[PDB]
Amino acid sequence: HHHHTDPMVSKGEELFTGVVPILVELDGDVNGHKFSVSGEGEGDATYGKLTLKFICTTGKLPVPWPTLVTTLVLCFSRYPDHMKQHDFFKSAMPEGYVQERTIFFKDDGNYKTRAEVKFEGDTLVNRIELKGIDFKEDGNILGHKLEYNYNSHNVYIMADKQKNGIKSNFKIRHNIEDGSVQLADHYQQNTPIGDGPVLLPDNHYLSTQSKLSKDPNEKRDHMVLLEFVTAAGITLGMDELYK
């Protein structure tokens, strides 16, 4: 909804009232295996909810789909009302923001990603380039030894006032089919594309859950993703209103 006392908050909330269509495009190269992914779906920031289907448009995906979840749109996070002044991601819209990561897979290779997230008309677009190097051919990634699932996790967000943006580092644990875990250490920075002001947040976290599934009628290599992302970690207003 639109009704906030801060007109800067109102501007960003306005763009994300209702269901917004999403397009995702990724071009990737991991150890010289070139691939492309296209995704479509919709986001509903009121509930923190994304529903997306991704297709590998070059044939078989050379890495496991779960390793691409975090790469393949944090403006759809649900920020509670008392935290809306800390929503960097919507405040950068519609001009958008850049999201850069390095992801280190423990005892394996790394991904470097750069994405632009912005509106094209009514559609929110996430355009990504991914470069992966130093992977082991018989490791868990190029060897496809990961389970097709995704563990819930919390991620801390901090301002980077020098870059007028945010930074975040966090660990993802991917499940290996033998019951072990493959760690993926993420380093992330985001910066605005426009030159206007943005909301720089106090420290807080995002709580994320994802469900991965398959489309039984789809013969192409693909992933169906339901993702929820909710902001938390700042207590109400002046204090607690219920004591």
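Applying the selection to the stretch 78-102, what residues are within 13 Å of the chain's Cα centre (by Cα) and not basic (K, R)? Residues satisfying the conditions are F89, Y97, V98, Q99, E100.
Considering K84, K53, the condition of being out of contact with any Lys or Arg (no Cβ under 6 Å at 6 or more places or on another chain), more than 15 Å from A231 (Cα to Cα) and buried (at least 16 other Cβ atoms within 10 Å of the Cβ) is satisfied by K53 alone.
A count restricted to the stretch 200-243 and to residues that are of a type outside the set (S, T, N, Q) and either outside any loop (DSSP other than H, G, I, E, B) or in contact with an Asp or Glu (Cβ under 6 Å, 6 or more places away or on another chain) (or both) stands at 15. No other residue among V63, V73 is over 23 Å from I133 (Cα atoms) and either of a type in the set (A, V, I, L, M, F, W, C) or in contact with a helix residue (DSSP H, G or I) (Cβ under 8 Å, 6 or more places away or on another chain) (or both) apart from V73. Residue count for the stretch 180-230, restricted to those that are buried (at least 18 other Cβ atoms within 10 Å of the Cβ) and of a type in the set (G, A, S): 2. In the set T71, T102, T67, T113, only one residue is surrounded by fewer than 19 Cβ atoms within 10 Å (Cβ to Cβ) and on the phi < 0 side of the Ramachandran plot; that residue is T102. Check the stretch 126-134 and report whether any residue there is surrounded by fewer than 16 Cβ atoms within 10 Å (Cβ to Cβ) and under 21 Å from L199 (Cα atoms). No, the stretch 126-134 contains no residue that is surrounded by fewer than 16 Cβ atoms within 10 Å (Cβ to Cβ) and under 21 Å from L199 (Cα atoms).
Of everything in the stretch 162-179 that is under 18 Å from the mean Cα position of the chain (by Cα) and of a type in the set (A, V, I, L, M), the residue that is surrounded by the fewest Cβ atoms within 10 Å (Cβ to Cβ) is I172. In summary, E13 fulfils each of the numbered conditions (1) under 20 Å from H86 (Cα atoms); (2) surrounded by fewer than 21 Cβ atoms within 10 Å (Cβ to Cβ) with the single exception of condition (2).
The sole residue among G48, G96, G59 that is surrounded by fewer than 19 Cβ atoms within 10 Å (Cβ to Cβ) and of a type in the set (G, A, S) is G59. Among residues of the stretch 121-161 being closer than 29 Å to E42 by Cα, part of a strand (DSSP E or B) and of a type in the set (V, I, T), the one that is farthest from the chain's Cα centre (by Cα) is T123.
Among the residues of the stretch 168-189, are any among the basic types (K, R) and under 28 Å from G12 (Cα atoms)? No, because not a single residue in the stretch 168-189 is among the basic types (K, R) and under 28 Å from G12 (Cα atoms).
Bear in mind these aren't lab numbers, they're just calculated from the coordinates by the rules spelled out. Using ideal geometry, Cβ is built from the backbone for each residue, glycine included, and neighbour counts are taken over all protein chains shown.
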